């Protein structure tokens, strides 16, 4: 009975909703068209971490943009808001050098798919068990 159910019906493009789950923040960002295009423009060979870090799919999956979102359209990016270096909360709203998140504790920069691009963090922000259960609700867990 750990699962929770998040109403995302009012989340507009370019907005991140932050919810607490298992004691930690989950970021739910409805990505803009720029975020999506930029995420899909990155080659796997450019990435620090090529693993999708995604609980919903094979653990060996590649960190393509398509393997980082809940939907095929790429609008819904759901991830743990927990820096993979030492666990600080990354700052969003298109922050840092790669149009995503910036962790100010030791300067890690994540891209528009939450992938690590610069700084001490070793891994992409992990993606929780998450799925839409209708048009307006994401089940986490």
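Positions refer to the first chain, counted from 1.
Here the stretch with the larger average CA B-factor, out of 49-57 and 104-112, is 104-112. In this entry, the higher average B-factor at the C-alpha atoms falls on 90-98, of the pair 90-98 and 25-33. Remark: residue 17 belongs to the middle third of its chain, ranked by C-alpha B-factor as recorded.
When the modelled residues of the chain are ordered by C-alpha B-factor, residue 85 sits in the highest third. When the modelled residues of the chain are ordered by their C-alpha B factor, residue 11 lands in the highest third. Residue 138: CA B factor lies in the lowest third for its chain, per the PDB record. Ranked against the other modelled residues of its chain, the C-alpha B-factor of residue 38 as given in the entry falls in the middle third.
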